[PDB]
Amino acid sequence: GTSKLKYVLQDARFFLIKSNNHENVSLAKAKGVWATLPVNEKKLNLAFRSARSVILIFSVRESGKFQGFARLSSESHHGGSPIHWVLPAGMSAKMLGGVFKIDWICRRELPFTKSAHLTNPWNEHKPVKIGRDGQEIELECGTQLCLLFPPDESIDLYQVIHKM
Ligand SMILES: CNc1ncnc2c1ncn2[C@@H]1O[C@H](CO)[C@@H](O)[C@H]1O
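Residues numbered from 1 in each chain as written, not as in the entry; some residues may be left out. Heavy atoms only, no water. Residues with missing side-chain atoms left out of burial classes, pairs and counts.

In the PDB archive, X-ray crystallography is given as the structure determination method for this entry, at a resolution of 2.30 Å.

Here is the structure:
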């Protein structure tokens, strides 16, 4: 049922993540880590320190779908086990240096055709599928976006709730 997910999403802030490739999402789904460019890294840190939950909703460029969503469990962290990211054209390993730890909540896909009725007030009320990497999604729009995803049987919400 939705009681457990709604408990996670309450008072959450939501950010769209746009990956240039599928490989780094595969990597991120397995290890439970993410990294973004310095502008979004600051914004996710600021949001982490201040919101009860910070939810990342992932979408691979040109895929036409979201691939899942995850909640930050830590702020940016530099100087650990180097992540073998597939680096898009024009990017340092150090640009993706602040590694966020994330707990995935859903790793299943949601096509854009199923989100078409949802628009984001914080992005001029365009459909929520429209946005750049890091675009923040108003509370209700992002809550509804996350409730559209199918239940993931590989995921147990228990560890997320125990650390919230
Ligand atoms: C591991 N982290 C990442 N992996 C793949 N693409 C990313 C990414 N972080 C940002 N991007 C995207 O790649 C573009 C190149 O800067 C950005 O505008 C984002 O849309």
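A. Structural context of the environment of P121. Mapped onto the elements of the fold, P121 is located in the loop between β7 (119-120) and β8 (126-127). With relative accessibility at 31%, the residue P121 sits in the partly exposed group. Remark: the alpha-carbon pair of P121 and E138, spanning 17 residues in sequence, is separated by 6.4 Å. Setting aside residues up to four positions removed in sequence, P121 forms contacts with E138 and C141. (Helix = DSSP H or I, 4+ residues; strand = E, 2+ residues; numbered from the N terminus. Buried < 20%, exposed > 50% of the residue type's maximum accessible area, 1.4 Å probe, protein only. Contact = heavy atoms within 4.5 Å.)

B. Broad picture of the pairing of strand β4 (residues 65-72). Burial analysis of β4 places seven of its eight residues in the buried class, the great majority of the element. Here five bridges tie strand β3 (residues 53-60) to β4, and the two strands are oriented antiparallel to one another. Following the sheet pairing, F58 is matched in β4 by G68. Hairpin geometry of β3 and β4 is characterised by an intervening segment of four residues between the two adjacent antiparallel strands and by a positive phi of about 70° at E62. By the bridge criterion, two bridges tie β4 to strand β6 (residues 110-111) in an arrangement that is antiparallel. The residue bridging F66 from the neighbouring strand is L110, located in β6. In this structure, β4 lies alongside strand β5 (residues 100-106), joined through four bridges in antiparallel fashion. Bridge pairing links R71 to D103 in β5. (Pairing = 2+ DSSP bridges.)

C. Structural detail: the site of the ligand. The local shell around the ligand consists of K18, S19, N20, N24, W34, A35, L37, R61, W85, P88, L96 and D133. Contacts to the ligand include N24, whose side-chain N or O atom sits 3.1 Å from a nitrogen atom. Starting from 440 Å² of accessible surface for the ligand in isolation, the protein chains cover 86%. Split by residue class, the shell around the ligand holds six nonpolar, three polar and three charged. (Near = heavy atom within 4 Å. Polar contact = N/O pair within 3.5 Å; in protein donor to acceptor, adjacent residues only side chain to side chain. Areas by Shrake-Rupley, 256 points an atom, 1.4 Å probe, with all protein chains shown as cover. Nonpolar A, V, L, I, M, F, W, Y, C, P; charged D, E, K, R; others polar.)

D. View of unusual backbone geometry. With a phi close to 70°, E62 is a non-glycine residue in the positive phi region. Although it is not a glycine, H125 sits at a positive phi angle of roughly 60°. The exposure class assigned to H125 is exposed, which follows from its relative accessible area of 52%.

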